[PDB]
Amino acid sequence: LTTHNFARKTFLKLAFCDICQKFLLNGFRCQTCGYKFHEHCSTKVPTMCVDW
Ligand SMILES: [Zn+2]
Ligand SMILES: [Zn+2]
């Protein structure tokens, strides 16, 4: 299945790291589900991206 996806790219306007607590900046967002976060959430992420 298409697991998580990571493409280093800046967003369009503004976002928010659901893992941390404040906005999201040019980091890593999954372009298949629409996930977004910094390096604190590359491995700390528990359930990988397997939504549907
Ligand atoms: Zn994802
Ligand atoms: Zn984060």
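Taking Cβ atoms as reference points and 15 Å as the exclusive limit, the residues near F23 contribute a net charge of +3, counting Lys and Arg as +1 and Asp and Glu as -1. Provide the net charge surrounding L14, with neighbours chosen by a C-beta distance below 13 Å and charges set as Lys +1, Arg +1, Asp -1, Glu -1. Charge balance near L14 sits at +4. Cβ distances below 4.7 Å define possible disulfide partners, and in the chain the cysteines left without one are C30, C33, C41, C49.
Contact order, relative form, for the chain: 37 percent (alpha carbon pairs under 8 Å, 6 or more residues apart, mean separation divided by residue count). Taking 0.36 nm per residue of separation and subtracting the Cα-Cα distance, full extension of the segment from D18 to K44 would add 8.1 nm.
What net charge do the residues around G34 carry, taking every other residue with its C-beta under 15 Å from that of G34, with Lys and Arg at +1 and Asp and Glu at -1? Combined, the nearby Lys, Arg, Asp and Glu give +2.
I'd like the Kirkwood hydrodynamic radius of the chain, using the inverse of the mean 1/r over distinct C-alpha pairs, in Å. Across the chain, the inverse of the average 1/r is 11.3 Å. Distances between placed amide hydrogens fall under 5 Å for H4 paired with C49, all partners being 5 or more residues away or on another chain.
Where a number appears in this text, it was derived from the coordinates with a stated rule and is not lab data. FYI the Cβ positions are ideal-geometry reconstructions off the backbone, even for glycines, and counts take in every protein chain you see.
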